[PDB]
Each structure stands twice: as structure tokens, then as C-alpha cells.
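Some notes on the structure that comes next.
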Amino acid sequence: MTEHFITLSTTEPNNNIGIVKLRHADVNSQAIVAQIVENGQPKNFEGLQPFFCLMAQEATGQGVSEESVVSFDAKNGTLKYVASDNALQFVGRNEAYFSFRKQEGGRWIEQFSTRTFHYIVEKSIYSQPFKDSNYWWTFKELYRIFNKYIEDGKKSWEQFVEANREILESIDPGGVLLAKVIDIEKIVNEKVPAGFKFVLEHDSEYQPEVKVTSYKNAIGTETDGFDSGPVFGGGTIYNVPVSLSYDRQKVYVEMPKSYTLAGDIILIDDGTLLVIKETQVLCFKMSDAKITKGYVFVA
Amino acid sequence: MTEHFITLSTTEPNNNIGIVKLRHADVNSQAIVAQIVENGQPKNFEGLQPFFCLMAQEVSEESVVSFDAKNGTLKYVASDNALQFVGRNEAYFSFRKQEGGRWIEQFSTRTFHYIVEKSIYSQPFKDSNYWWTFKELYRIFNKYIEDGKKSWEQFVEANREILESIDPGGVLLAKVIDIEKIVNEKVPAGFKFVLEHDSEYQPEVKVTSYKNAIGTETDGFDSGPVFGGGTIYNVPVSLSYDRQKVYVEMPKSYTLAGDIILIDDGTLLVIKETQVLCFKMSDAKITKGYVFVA
Amino acid sequence: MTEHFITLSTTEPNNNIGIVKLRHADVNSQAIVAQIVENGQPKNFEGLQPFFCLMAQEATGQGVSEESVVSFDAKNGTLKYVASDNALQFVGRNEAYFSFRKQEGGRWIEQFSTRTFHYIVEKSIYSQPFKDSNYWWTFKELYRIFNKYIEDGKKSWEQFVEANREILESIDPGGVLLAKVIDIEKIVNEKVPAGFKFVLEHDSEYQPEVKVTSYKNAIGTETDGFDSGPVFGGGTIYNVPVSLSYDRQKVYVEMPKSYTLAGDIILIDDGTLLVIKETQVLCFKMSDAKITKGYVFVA
Amino acid sequence: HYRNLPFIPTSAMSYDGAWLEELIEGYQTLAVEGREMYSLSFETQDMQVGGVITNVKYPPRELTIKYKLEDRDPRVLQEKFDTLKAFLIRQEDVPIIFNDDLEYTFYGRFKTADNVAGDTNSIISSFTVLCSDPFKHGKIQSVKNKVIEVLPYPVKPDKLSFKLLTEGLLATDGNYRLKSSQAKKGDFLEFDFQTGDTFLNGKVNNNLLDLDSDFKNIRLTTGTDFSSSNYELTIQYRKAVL
């Protein structure tokens with residue numbers, strides 16, 4: 001992360017010497033590394049909690065801006081302050097300093113502070129107001145509204161399905177049956193290997209293990225040519241559940257209904273075969289044997 | 001009760017609005033009055049309930070009780086959740102309507118900033134002018150008053166304690182008798198003895214009273230209850246001096262007219278049966294001892 | 001705590017000193033280490049208490065500060081004044097000086113002050129509110145309430161006595177107990193030490209023993225000159241009963257009412273003091289300490 | 012409400028870390044001239060047609076500063092100047108920073124003061140501050156092996172921390188060659204402090220450290236590279252601007 005080095009004094013009359021300039025968009029990166037010096041020697045603030053005090057323009061009160069510094073070495077008089085959301089909120093030319101206070105039971109005992117240094121915040125693309133849909137907006141405003149739409153939208157959809165499922169299932173003695181049978185069906189059409197059957201002819205006299213995978217927009221299968229698809233090199237790979245049955249030099253691979261694909265059968269030099277239908281590819285990987293022929297089961 | 005009157009907009013960003021300062025640990029219930037505006041004109045939120053929504057400091066929803074749906078004016082009282090973070094806080098008002106037992110947002114006002122300040126300095130504020138002399142005169146004068154009145158209050162309380170409470174006739178007499186007893190035994194006033202000496206100065210005299218001493222018991226030697234003498238009492242004395250004469254004044258209870266025995270040093274005794282009155286003198290020798298006659 | 005090393009002169013202007021800069025809300029941390037100089041050499045303010053004196057702004061006539069300095073070395077001429085809330089009242093330029101005075105009772109014996117120096121108070125995130133000065137009002141209100149206690153106290157007392165008048169008249173028939181009580185009073189005024197109170201100031205830090213004696217017609221006290229009295233050298237020497245009370249460098253000597261003597265207080269340059277009124281002398285002998293001042297107690 | 016706040020102008024001068032307008036009540040910096048534009052010295056050997064430049068020199072620039080000092084009392088006003096002079100008149104060079112140019116830092120000294128009137132009680136004049144080095148220096152930076160920062164002018168370094176790996180030291184960038192025969196081989200630090208002397212590990216070794224044909228007049232450009240497998244070098248420089 002980005003660091004800003006300062007050697008702040010408590011005796012030397014600086015008042016304005018020392019400039020730290022940051023940007024508005026700087027969540028947890030820009031940190032201030034400060035050395036505390038009193039009469040030319042490093043100051044030990046042992047027992048006194050360091051505080052980042054900021055004197056913001058047109059945002060003043062009793063507690064203008066005060067944040068406890070977490071990273072610090074009181075023995076050598078060194079501290080590290082990472083600029084917070086509050087610190088970066090005030091865009092413009094501001095003044096800041098570091099306080100050190102010891103308190104008994106709420107009330108203060110001792111409080112010494114360093115000289116003032118300039119703390120200026122440069123406007124970002126996110127701080128600058130912009131015109132959208134005939135109105136003036138800042139990023140923080142829209143980003144909150146858009147994420148609300150997503151959050152409340154997901155919750156309202158979750159409730160939409162929940163309420164609708166209670167209608168046919170909770171209000172009917174035989175309606176419970178209806179939904180459960182439909183629900184159990186697609187599980188069987190996607191996860192259970194039954195609906196699709198493919199035959200793989202081999203050279204081996206034994207039982208070779210077959211592994212099946214399904215993926216779309218694979219290398220050189222995209223509609224508008226090479227690297228035209230949304231996910232380069234293949235999208236999501238699904239490990240197809242299989243039920244294996246064997247005959248002499250024949251492997252019957254049973255797969256779910258959802259993986260039914262009738263396309264071009266391509267045989268590669270080794271124990272690998274593909275079924276390609278435009279963008280959808282079904283891959284067959286066979287161990288300890290060589291594929292000679294591949295075709296969809298029909299008898 | 002402190003109130004803040006401002007105007008909020010749903011179209012234009014709320015940033016040019018007036019500065020709203022709110023105390024942290026305030027005794028008074030702080031309130032904010034806001035006029036809802038849609039395109040610079042009031043908006044009627046009839047059927048909708050306003051909700052104060054505070055943004056996370058890296064989220065709390067509070068229902069507004071006091072609101073006018075017809076004129077677009079709402080009164081929100083600052084809660085402990087609202088006065089949580091010290092500094093510039095961001096919040097907005099959301100209008101919701103309950104449909105199916107859950108509140109759904111129709112329209113909301115744009116986010117505005119409100120500053121929360123610490124209540125650090127106490128109510129008894131330090132005076133603009135400081136004077137050590139004046140406050141020292143104050144503490145001295147107040148000391149005289151407080152210490153003066155408490156001595157009078159002790160006087161007035163002690164008077165009513167015996168006079169109006171029990172029975173004056175009895176208590177007043179009861180108090181006198183113990184007082185004259187104490188003065189008769191502790192104060193040195195009654196018995197007076199003269200000790201003549203060889204010194205030109207004022208020798209210190211110490212008087213002790215003891216009964217059943219060695220060789221003064223009734224039934225001969227070692228016949229008393231405590232062998233070697235009983236309890237030894239240090240007799241309070243009031244010394245008076247003349248040339249080669251010491252006037253030893255003692256209490257009236259220690260009066261004893263007996264045999265005067267002068268030892269070969271700075272010691273004299275007055276023996277009357279068992280009761281012995283000893284006179285010990287420092288840095289001088291007693292030459293004569295006798296009771297003062299007046 | 002922060003130390004500000006400066007050199008202040010009583011005879012020279014304090015213009016060549018550095019910028020003394022302090023923060024507004026610093027409580028008891030901003031300490032000023034000042035070296036006092038008189039005609040180039042350090043000044044010994046031994047026996048004089050230092051006072052920080054802040055001059056009020058000419059415009060409003062507010063912000064005066066007469067503060068007692070706690071830490072200081074009179075021998076070398078150094079003082080360490082920690083800025084107080086009243087010192088850091090006004091944000092900006094402030095005119096102050098240090099005054100040294102020797103006090104007794106209420107009146108000032110001697111006082112000397114340093115020449116005016118200037119210091120600047122920096123703005124803090126906190127702004128201390130100050131109540132307008134009412135030192136006169138507080139003294140007036142106190143005086144009023146005390147006089148209200150006298151007025152109401154006199155009535156409440158007058159009514160108390162009159163209501164109990166009959167039992168007060170029937171308390172003692174003739175005067176049997178009264179004639180006895182006057183004979184006890186006779187004794188308590190001569191033998192008990194409760195009436196006459198005398199204060200003896202000493203140099204010792206501990207509790208010195210005091211012995212009081214009363215005698216008439218001592219040398220040089222006789223009415224008709226030397227050796228004119230009936231007994232040459234002095235009359236009867238009475239050992240005065242005492243009830244000793246102690247404070248720092250003060251001895252409260254309580255004595256019987258009969259020994260009350262208000263005359264000339266003569267202090268011999270050792271552990272001996274005399275109160276002489278014509279022929280009557282009251283002697284005060286003190287052990288292991290030297291008497292500095294002697295006076296009758298007043299509250 | 013009354014507060015006597017010290018005013019700090021837009022182009023205020025900070026002499027030796029302190030503001031003069033804060034130091035002296037009534038003082039105010041009106042204008043500062045000479046820093047915005049710099050002039051060069053030229054050596055020319057003219058011929059029949061035209062004339063060739065022999066040498067280009069960088070003269071030490073002086074910054075003329077216009078101030079206003081005022082007080083109602085003439086006695087005090089005199090005392091105010093007595094402090095102004097005492098603060099300005101310095102035997103050694105002093106760091107000067109401006110309120111409008113806070114990044115950079117100049118290093119000069121008070122030179123000549125313009126004529127001052129002996130009436131009015133509200134005086135306005137000026138004074139020059141001769142800067143021995145005409146460059147303003149920014150923050151101090153520690154970079155390993157090579158400088159890749161956009162440097163407007165060639166910069167003389169402040170410290171060169173070398174850490175050997177081979178037998179001898181031979182630092183090069185293409186133009187400058189820094190060589191040290193019979194150096195401390197086997198990972199040993201060698202400080203080359205440009206604004207002083209040379210160090211070996213902890214002890215000072217100014218006389219023997221560098222060889223006869225070594226360089227100490229090295230200058231860093233925007234693309235200076237010293238990176239080598241023989242030494243791990245840490246450069247310490249300050250951006251110089253005119």
C-alpha cells in the first residue's frame with residue numbers, strides 16, 4: 001500500500017509546513033507514516049492514545065473529526081494512519097494534526113498535540129457530481145440505489161416463489177403431491193444418468209473407465225469465430241453423472257436427460273471423443289483403451 | 001427541546017441545505033422538521049409511513070411517529086442510534102406501505118448530511134476572567150460562614166436537646182454533677198503543696214498517687230491485694246514558682262494530709278495509712294515540704 | 001508533556017524569543033519552561049510565589065488570568081508553567097507576563113514582574129465555552145444569603161427563648177447551682193487551656209514543643225523604672241497550661257481565659273517570644289525551632 | 012467575540028520553518044518575485060557568421076519579497092523591525108518554503124533590504140534573499156537501483172547505499188563510471204553521502220574508499236539505470252526544479 005512520510009514536531013513553529021495530498025477514491029490504501037519530534041528528539045507518547053484530528057472546511061462542531069490511530073509505536077514516537085472513508089469524505093483544502101490523550105473515567109487528564117499540517121483531498125470520478133437521467137448525481141448515491149434494487153429484488157423473488165409454493169401445496173391435501181413430483185423429475189432429468197445413452201467402441205477386451213464432461217463456448221466452437229464468446233476457452237464445465245454398462249469391445253454410457261446432444265461426432269487420435277453441436281460440446285475421456293467408433297444408442 | 005427546520009428534495013441532491021448540529025449526550029430531545037419536496041413542490045405521502053435510514057460507517066431503520074401526510078411535514082426525534090458516530094453522518098427518509106405484512110418502498114428522499122458533536126465541556130463553565138486572589142477571598146469568607154454557622158447550629162441543637170426534649174429539671178442537674186466530678190479529679194485546683202529546694206531556677210515536679218505501696222499495707226508486709234503497690238495514677242499538676250519554692254497545685258480528689266517523709270534525694274512522700282502521694286523533682290534537691298495555707 | 005523553553009527578562013524587552021505556539025484544547029500538557037533574567041544575570045525569587053498574569057483583550061475587557069505557578073525553582077530562577085484553560089481561552093495572539101509576590105495575611109509585601117511576552121494559541125477541533133465573569137455577583141449573593149441567615153436566625157432564636165421562658169425561669173430556684181457553676185468557671189478560666197489562642201510561626205517543618213510561663217515585674221517592666229518593684233527579678237512564675245495544635249510552620253497555642261494578654265509582641269532572635277503589657281509578661285519558649293512571627297489568633 | 016488571529020497571505024514566506032507574519036504582528040507578505048521565471052548565463056565565442064556557445068552557466072538567483080509592516084506606536088514599530096532583522100540576518104543558509112508552493116523548499120539567505128521611509132507608521136518595502144542553489148527541492152526519495160521518475164532537471168543525489176555481492180565495485184549507467192578496487196567483498200554496505208563524505212559499514216573511510224578514476228559528480232536523469240548483479244544499490248535523491 002501507498003505511504004506518506006512526515007516528521008511532525010510539537011515545539012518547532014511550523015503551522016502550515018507539511019503537505020499530504022490524497023484522492024477521494026482511496027479506501028484502505030493511502031496511509032500516513034508520521035515521526036513525532038519534541039525539541040529535536042523523538043517524543044514518547046506511552047500511555048496516551050494517538051488520534052487523527054481533522055479540521056474540515058464547513059463541517060465544524062465540537063468533534064469536527066477525530067479517529068483513533070491503531071498502528072503506532074509509542075516507544076520511538078512513530079505512527080501509521082490509514083485514511084478512512086470519513087477522512088476522504090471532505091474534498092478540498094483541509095488542515096489536520098495528531099492528538100495524544102490520557103483519560104481516567106471518561107474525563108481527560110493530559111492531552112498534547114503536534115503542529116498543524118495541510119491535508120488536501122483531490123476530487124475523484126466518484127466524488128464529482130454528474131448529470132444522469134435529467135438529474136444531478138454522485139456515485140455513492142446511485143451505487144446505493146442500484147444495490148438496493150438488487151438486494152430487495154432478490155428478497156422479493158425469494159418471497160414470490162415461497163408464497164406461490166404455499167398456495168398449491170399447503171392449501172391442498174393432494175396438491176403437496178403435485179409439486180414434489182415435478183421437483184423430483186428435473187432432479188432425475190439432470191443428476192440421475194438415465195435419459196441419454198451413447199455407445200463407445202474400443203480395442204480393449206476388458207472394461208475401460210469413461211469420464212464425461214459438458215461445456216459450452218469451447219476453443220474454436222464459438223458462433224462468431226475464435227475468441228468471440230463471453231468466456232474465452234470454454235464456459236462452465238459440468239462433470240456428467242454416468243452409469244456404465246459393458247459388452248465385448250463396447251461401452252454403453254448412460255447420462256441424464258439434460259445432457260442429450262445430437263451433433264457431430266469427432267474422434268481424436270487417442271482415448272478421447274467429442275460430440276459438438278454449434279457451441280455445446282460433450283467430451284468423452286476413456287482410460288486404458290482406444291476409441292474406434294462412437295454413436296448414440298439405437299436398437 | 002431543540003428543533004431544526006429544513007427542506008429536503010427527491011430530485012435535487014441535498015448538500016446546499018443548512019448546517020444541522022446535534023449534541024451527543026444531550027438531556028433535551030433533539031428533533032428535525034423536514035418539508036418533503038418533489039420537483040421543488042411539497043409531496044403528499046398519504047398512506048405511506050416515513051422511515052429514518054442511517055447509512056453504515058464501514064444500517065438502521067427507524068419508523069417516524071410524528072408526520073403530516075397532507076402537507077408533507079415530518080418530525081423525527083434523534084435517537085441513541087442516530088447520535089452514535091461523532092462527525093458528519095449521512096441519512097435519508099424512505100416512504101413505505103405495508104403489503105403482506107412487509108414494508109415496501111415507493112419513493113425516498115435523497116441522502117443528506119447531519120453533524121453530531123460531542124458534549125465534552127460540562128455545564129459549570131469556567132469564568133472568562135480568572136482571579137486567584139478573589140477565589141482565595143471567596144474560600145476564606147465561605148469558610149468563616151460555614152465554620153461559623155455550624156458552631157451556632159451546634160449551640161442551638163444542644164440547647165433544645167435538654168430544654169425542650171426530656172425534662173429540664175433533671176438533666177441540667179445530672180450534667181452539673183459529672184462536670185464537678187471530672188474537674189475535682191482531672192483539673193488541678195483544690196489541693197496545694199509547697200516544696201522548698203536548693204536550686205535558684207524552676208525544677209520540674211512530677212506527682213504520682215498509689216495505694217497499698219511497699220511497707221504501707223494495713224495488715225503488714227505483703228498483705229495487700231497487689232504486691233508492691235496498686236494502680237499508679239499520674240496526678241495532673243499546676244506548677245507555680247518563687248525563689249527556692251515550688252507551689253504544686255493538684256486536684257481536690259488527690260487531697261491528702263498525712264506524714265511528710267523526705268528521702269535523701271529529689272523525692273518526698275505524703276503517707277496517710279495506705280494512700281501515698283509521691284513528689285519527684287528533677288535537677289534539684291527537696292529541703293522542706295508542707296501544705297500551703299490560705 | 002510538551003516543554004517550551006524560553007528566557008524572560010525583567011529589565012529587557014522579550015521580543016527576541018521564538019514563536020510560542022500552543023493548541024487550544026490541550027488541558028494540562030502545554031508547559032512553558034521560562035528562565036528569569038535581571039540585567040543579564042538569573043533572578044532569585046526566593047520567598048516569592050510566581051503568578052502567571054494574562055492580560056485581557058482591550059476590546060472586550062475579558063480574558064484576565066491570575067494563576068499560581070505550581071512547579072518552579074527560585075534558586076536558579078526557572079519556572080514551569082503549564083498552560084491552563086484560561087491561558088488558552090482566546091485563539092490567536094495573547095499578552096502575558098509572570099509576577100512574583102510575597103504574601104502575608106492579605107496584604108502584599110513585595111512584588112516584581114517580567115516584561116510582557118507574546119504567545120499564539122492555535123485553533124483546535126474543540127472550542128471551550130466560557131461563562132461571563134461574575135466574581136462580584138457571587139460575593140454579593142453570598143453576603144446576602146449570610147445576612148438572610150442572621151435576620152431569620154435572630155427571629156427563630158427570639159421565638160425559641162420566649163416559648164420556653166417559663167421552664168427557663170423555673171430551672172434553678174434562688175441560685176444554688178448557678179453559684180457552683182461560677183466557681184467551676186473560675187477554675188476553667190485559669191487551669192483549662194481553651195480561651196486565649198496565640199499563633200507562633202516557625203522555620204521548622206515538624207512540631208516544635210512550646211512552653212508558656214506568666215510573670216509580673218521582670219527586669220525593665222516595672223512602672224517606676226529598674227529595681228522599683230516589690231520583688232526584684234520578677235514575681236511569681238506561673239506555668240501556663242497549653243493545648244498545642246499544629247499546621248505547616250504554624251503552632252496554635254491555646255491558653256486559659258485568665259492569661260489573655262494583648263500587649264507588645266517582642267521577638268528575641270531565637271526560640272523565645274514575649275508579650276508585654278506594662279508589668280505583666282507572657283513568655284513563649286520553643287524547642288528545636290526558631291520563631292519567625294507571633295500574633296493572637298483571629299478568624 | 013474578538014480574536015486577534017494572525018493572517019497568513021497566499022504567497023507567505025516561511026524563513027527557517029517560521030512565518031514572519033506570525034512572528035511579527037503587523038507584518039504581511041505582499042508579493043514574491045523571481046521564482047516563477049529563471050534566466051541563464053551564456054559564454055559565446057562569436058565568429059564571422061553567427062556565434063557558438065562555449066559554456067552555459069546557472070547563476071545563483073535572489074528572490075525579491077515585498078512586505079508591509081505597520082503599527083500605531085512608533086517605539087513598538089522600531090522594536091518590530093529589530094526582531095525582523097535579527098531573524099533575517101543569518102550566518103548560514105536557511106530553508107525557505109512558500110504558502111503557494113508548499114512542495115518544494117529553497118535554500119537561501121537574507122541579502123539586501125530596499126530603502127525604508129522614516130514616517131507614516133505604515134511602511135511598505137522589499138528585501139532580497141540570495142539563494143546559493145537556484146533549484147527548489149521537493150521531498151526526499153529512496154529508490155532501489157534505477158530512477159524512473161519524470162525528472163525535469165538532472166539531479167545530483169544525496170546518498171548512495173551500495174551493497175556488494177562480487178569481489179569489486181564498478182557502478183555504471185553508461186556515462187558515469189564509479190569504481191572501487193580492493194573493496195569489501197562478501198555483502199558489505201558502502202555509504203556514498205554526496206552532501207559530506209564516504210562511509211564503510213559503520214566507520215568513516217573518506218580517504219581510501221574510492222579509486223583514483225571514480226566519480227562523485229554523478230547526475231541522475233529521468234532514465235538513469237545502475238541495476239547490476241554485482242551490487243544492490245539504494246539511491247536517495249530530491250527532485251530539483253528551477
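Residue numbers (full-length UniProt numbering), protein chains in the order written: chain R, 1 to 299; chain A, 1 to 58, 64 to 299; chain Y, 1 to 299; chain D, 12 to 253.
Backbone N, C-alpha and C define an ideal beta-carbon position, used for all residues, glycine too.
What residues from chain R crowd round residue i, counting only those whose CB sits closer than 9 Å?
i                      : result
residue 347 of chain Y : In this structure chain Y extends from 1 to 299, so residue 347 of chain Y is not present and cannot be described.
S127 of chain Y        : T60, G61, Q62
Find the nearest neighbour of residue i within the set the options, judged by alpha-carbon distance.
i               : options                        : result
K80 of chain A  : A:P50, A:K155, A:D152          : A:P50
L200 of chain R : R:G263, R:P241, R:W157, R:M286 : R:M286
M1 of chain R   : R:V69, R:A56, R:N147, R:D26    : R:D26
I125 of chain Y : R:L54, R:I171, R:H4            : R:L54
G45 of chain D  : D:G197, D:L51, D:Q59, D:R72    : D:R72
By DSSP, does residue i sit in helix, in strand, or in coil?
i               : result
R120 of chain D : strand
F146 of chain Y : helix
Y238 of chain A : strand
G294 of chain Y : strand
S243 of chain A : strand
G92 of chain A  : strand
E3 of chain Y   : strand
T232 of chain D : coil
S143 of chain D : strand
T94 of chain D  : helix
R14 of chain D  : coil
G40 of chain R  : coil
Note down, in chain order, every chain Y residue with its Cβ under 9 Å from the Cβ of residue i.
i                      : result
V188 of chain A        : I184, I187, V188, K191, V192
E90 of chain D         : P13, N15
residue 300 of chain R : Since the first residue shown for chain R is 1 and the last is 299, residue 300 of chain R is missing from the structure and cannot be characterised.
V181 of chain A        : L177, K180, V181, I184
Taking C-beta pairs closer than 9 Å, name the residues in chain D that residue i reaches, listed in chain order.
i              : result
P13 of chain R : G28, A29, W30, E33, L34
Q57 of chain Y : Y13, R14, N15
Can you find a C-beta in chain Y that's less than 8 Å from the C-beta of residue i?
i               : result
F117 of chain R : no
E169 of chain A : yes
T94 of chain D  : yes
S243 of chain A : yes
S65 of chain R  : yes
At a CB-CB cut-off below 9 Å, which residues of chain A make contact with residue i?
i              : result
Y97 of chain R : Per Cβ cutoff of 9 Å: no residues; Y97 of chain R is ~16 Å from chain A at best.
Could you confirm whether any beta carbon from chain R is found closer than 8 Å to the beta carbon of residue i?
i               : result
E3 of chain Y   : yes
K123 of chain A : yes
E47 of chain D  : no
Using a Cβ-Cβ distance cut-off of 8 Å, determine whether residue i contacts chain A.
i               : result
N86 of chain R  : yes
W157 of chain R : no
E209 of chain R : no
Find the residues of chain Y that neighbour residue i, judging by a C-beta separation of less than 7 Å, and give them in chain order.
i              : result
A97 of chain D : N16
Would you say residue i lies against chain D (beta-carbon separation less than 8 Å)?
i              : result
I19 of chain R : yes
Since residue i meets chain A, which of its residues come closer than 8 Å, beta carbon to beta carbon?
i               : result
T138 of chain R : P13
What residues of chain D sit near residue i, judged by a beta carbon separation below 8 Å?
i               : result
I120 of chain Y : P17, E33
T60 of chain Y  : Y13
Give the residues of chain A in contact with residue i, contact being defined as C-beta atoms less than 7 Å apart.
i              : result
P50 of chain R : Under the 7 Å cutoff, chain A gives no residues; its nearest Cβ is about 17 Å from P50 of chain R.
Give the residues of chain Y in contact with residue i, contact being defined as C-beta atoms less than 8 Å apart.
i              : result
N39 of chain R : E3, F5
Does the region 274 to 286 of chain R come close enough to the region 207 to 225 of chain R that 3 or more CB-CB pairs lie under 8 Å?
yes
So, does the region 43 to 57 of chain R touch the region 97 to 114 of chain R, judging by three or more C-beta pairs under 8 Å?
yes
Is there contact between the region 107 to 114 of chain Y and the region 59 to 67 of chain Y, where contact requires at least three CB pairs shorter than 8 Å?
no
The region 187 to 202 of chain R touching the region 250 to 262 of chain R, judged by at least three CB pairs closer than 8 Å
yes
Touch test, the region 164 to 181 of chain A against the region 235 to 247 of chain A, Cβ-Cβ under 8 Å, three pairs minimum:
no
For the pair the region 221 to 234 of chain R and the region 4 to 11 of chain A, tell me if three or more CB-CB distances fall below 8 Å.
no
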